[PDB]
Structures are given as structure tokens and as C-alpha cells.
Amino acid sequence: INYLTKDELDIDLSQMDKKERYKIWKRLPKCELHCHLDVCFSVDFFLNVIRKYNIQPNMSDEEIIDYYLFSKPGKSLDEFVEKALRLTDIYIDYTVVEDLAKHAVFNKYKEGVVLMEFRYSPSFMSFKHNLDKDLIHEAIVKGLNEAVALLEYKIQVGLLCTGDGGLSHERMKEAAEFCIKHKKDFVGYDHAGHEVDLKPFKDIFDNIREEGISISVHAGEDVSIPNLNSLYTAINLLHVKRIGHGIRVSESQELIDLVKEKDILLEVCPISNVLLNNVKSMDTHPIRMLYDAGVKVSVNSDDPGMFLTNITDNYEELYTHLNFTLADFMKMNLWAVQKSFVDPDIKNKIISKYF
């Protein structure tokens, strides 16, 4: 892959067709911060697992897709999160998990990603077939390292723990303890699923930072919530370095100023927000006004295996419907690298290699 430099960003895209634009999108040196490894599979990988383990013998491929994935516009975040629970059928042994991780790296390299942060949920992957969380973790860390070494370190991978099991104090403590225990591999900690104001778990998140682990949580995504409290908590109480989505920052001048004052970056997932019905359309997506207001934002794919969309698709949508330029896209990837949780050298070397 012959990546675009900072000295090649004046390209005239107006005469290119969709196909030729995707070559440019691919060639952009991307840093992706918000993507769930759990569902980071191609359609063929997914159908290969469903067939190999004989999970849906009476369903056709089209039916398998309607039943497990989320490729069409839905109602809400809540609907997405509850539907996602059924494809946990695939997390059947530790080989499926290791392969998932390895292929995810390969797919991201081919899309032109150079610094990839993946996040996974131990509880998501473990509960269906009662798999051991540490054995999952082992499988995940082997797969990712397998792929990186095979690619001669042409893509670098960071790993984040999306902690869950539930919102009981015991479950959330356990989830944070799993991450802390594996902090040699986890560069950050997340909360996902149904959106929550995490104020009752400040004690746990303090602990995680005490242990040297950066926080990026999902907050300010779900537009059905009649307040912005999850955002205030993430910023003031959790001391997040980044926010997953955080698009509802756009609804408050006070929060716009707060995130800029703290140099917090918003992990924006354009297509996710459309499909999960958190913006009216891509035309009206808040990323535009947030970028224009000086908020640091990056571009991400979120759940590519469920959406049947990839990182470059999100770039296409931002170009076509919101008129982001190549220079804008390069700026955001520079921000994504700078605000990455991986080793500071890896960042600096990537920065001077491309940006």
C-alpha cells in the first residue's frame, strides 16, 4: 500500500467515480480508535463459522444475515445491543476467537490502517458457551500478535477492555479487575452496551487510572436519553482521555468548551449513528459542527461485521454527504494517532513516517 503523504493532499476528487475514490480512501494512513473486535469479521468469515459449527442448518445465508447482523437502519442503540446478543452463538471455542482476532488485523491492514485500537468485551464473548475469560484473552492476544508479526509490523495494534457483565457493583468491579489483571495487554478501558451515567462506579474507574490505564467510555451516543449526564460524568468524574461517540456534545456549548479545555477526543462513528438512529441522516450528522467548532474528532467503524460496512465506507459517507476534504481526513488521523493509548514511541514514529 502506497500511503498518501501530507505533501499529496491537494488531489482533485470531483472527476473521480465511487470506485476511484475508494482507492484514495484506502491509501489514507488511518488510525482507528473505536472498533469492536467481537464483531470485526467479514461476511464470509461469519458464514464460515455458522456453517462449520452447524449453528443454523435450516437458514439460508440471507436469513443468517437478517437474524444475526444489523446491516439495515434500526430503531435505537437499545435494539442494537439486545440483537447483538444472538451472534454470541459463534463464540464456541478458543480457535474461533483466535482466528477472529487474526483476520480482523488482516482486514484492517488491507483497508489502509496503520495504527488500530481494538476493543473487546470478555463477558460478551464468554457467556453464551460458558468460555473462560482468561482463555478468551489468551486467544485474542495470540491472534492479534500472530497477524501483526505476519504483516512485518506494517500495522500496529493496541487493545482495550470493554468491561461489562452487568451494572451491579460486583460485576463492574470484576470487569475492572479483569482489565487491571491484564494491563500488560490492555492500554485502555471502556464501557459499552446500554448507555449509562457511570457516576455510581467512580471508585472503580479511579482504581483503573491509579493502575495506569486510560479511559474511553461510550457516552453521548443514545439520543433517547433526556439529559447529557453520562457526558458530564465521563469528563469530570471519570477523567476520560477520549469519548466513544460523544456526538451529543454538539447539543451543549458548555460541553463543547469542556472537551476542548481538557483536550478530549471524540471517537465519532458516522455510519453506526445512522443505522442506530442517533442522527436523522448523514447530512445532519453533528461531526461537521463539532469539527468546525474545534472539537477533536476521529473517524471509526464501530461494529463493521454487524453493519456490513468498513472504515473506508465511513470516509466515503463523510466526503459525499458532509464535504470533508483529504486534508480534514489527514488532520483527524493525526489526532487519532496523538490521542492513541499505545506506546508513545509507536505514535511518534508513525507521525513522522506519514504525517
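Position 1 is the first residue in the sequence shown; the rest follow in order.
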{"item": "Higher-B stretch (mean Cα B-factor, as the entry records it), 209 to 217 or 241 to 249", "value": "209 to 217"}
{"item": "Mean C-alpha B-factor comparison - 43 to 51 and 22 to 30, higher one", "value": "22 to 30"}
{"item": "Member of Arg119, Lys280, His137, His191 with the greatest C-alpha B factor (per the PDB record)", "value": "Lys280"}
{"item": "Selection by C-alpha B-factor (highest) of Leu167, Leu159, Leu77, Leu87", "value": "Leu167"}
{"item": "Relative C-alpha B-factor of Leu69, binned into the chain's lowest, middle or highest third", "value": "lowest"}
{"item": "Third of the chain's Cα B-factor distribution that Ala104 belongs to, per the entry", "value": "middle"}
{"item": "CA B-factor ranking of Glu316, expressed as a third of its chain", "value": "middle"}
{"item": "Among modelled residues of the same chain, the CA temperature factor third for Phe307", "value": "lowest"}
{"item": "Chain third (lowest, middle, highest) by recorded CA B-factor, residue given as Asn130", "value": "highest"}
